[PDB]
Ligand SMILES: COCC(=O)Nc1ccc(O)cc1
Ligand SMILES: [Cl-]
Ligand SMILES: [Cl-]
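Residue numbers (the entry's author numbering): 1207 to 1388.
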């Protein structure tokens, strides 16, 4: 009821519509992206600095690191929202890589609608330090977007892009998009 056709609008970028949302995947360095929200995949202490999290916390800067540890010591959080620091975004949403990936992506979408944001960029959440399997992660990310659209929740959100560190993981995402296409 929701999926469009898979195509390539730019070299190495693959896209398809899911309802009103353009869903894109590409390999590369997420810290060079511009979007309303960039997602970080981190530990339950919000202070991992290994893999994608290292790149994100180093580029964002020390004020963002301090925002993370301050919120961490205030309550038990499933995720936290900070400033963008020196990343090209309005906010970073830091999710726990070991948590249910569908749940994490649902929360990111909801928070973006609350702020009337249009664009999101995320990594292949949980495939690094958390060692979740790449096709289970791809299935969960795309399932969350489908559910959000099915419920009529997409209003401000128009683009969701996964920027993936390993080309081998990109290949898994592309196969999952082809499975779903109209
Ligand atoms: C979240 O799990 C994937 C991950 O850590 N990816 C990753 C990103 C950048 C980098 O420089 C090394 C690795
Ligand atoms: Cl992770
Ligand atoms: Cl990644």
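C-beta: ideal position from N, C-alpha, C; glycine also.
In chain order, 1254, 1259 and 1300 place their CB closer than 6 Å to the CB of residue 1248, counting only its own chain and leaving out the 5 sequence neighbours on each side. When C-alpha distances from residue 1314 are compared across 1366, 1237, 1221 and 1374, the shortest belongs to 1366.
Straight across, the Cα-Cα distance linking residue 1262 with residue 1220 is about 24 Å.
According to the DSSP secondary-structure assignment, residue 1229 is paired through a beta bridge with 1222 and 1366. Per DSSP, the beta bridge partners of residue 1248 are 1302. The beta carbons of residue 1296 and residue 1242 sit about 5 Å from each other, so the pair counts as a contact at 8 Å.
Taking the Cα of residue 1369 as reference, the smallest distance to any Cα among 1327, 1377, 1257 and 1278 is reached at 1327. Close CB contacts of residue 1344 within its chain, under the 7 Å cut and outside five residues either way in sequence, are with 1378, 1379 and 1382 (chain order). In this structure residue 1332 is buried. Its beta-carbon is surrounded by 16 or more other beta-carbon atoms within 10 angstroms. With fewer than 16 neighbouring CB atoms inside 10 Å of its own CB, residue 1215 falls in the exposed class. Nearest to residue 1358 by C-alpha distance, out of 1342, 1330, 1251 and 1225, is 1225.
Counting only runs of at least 4 residues, the region 1249 to 1313 fully encloses the following alpha helix (DSSP H) elements, listed from N- to C-terminal order: 1258 to 1266 and 1268 to 1278.
If you look at residue 1328, you'll find it in the beta strand (DSSP E) that goes 1325 to 1328.
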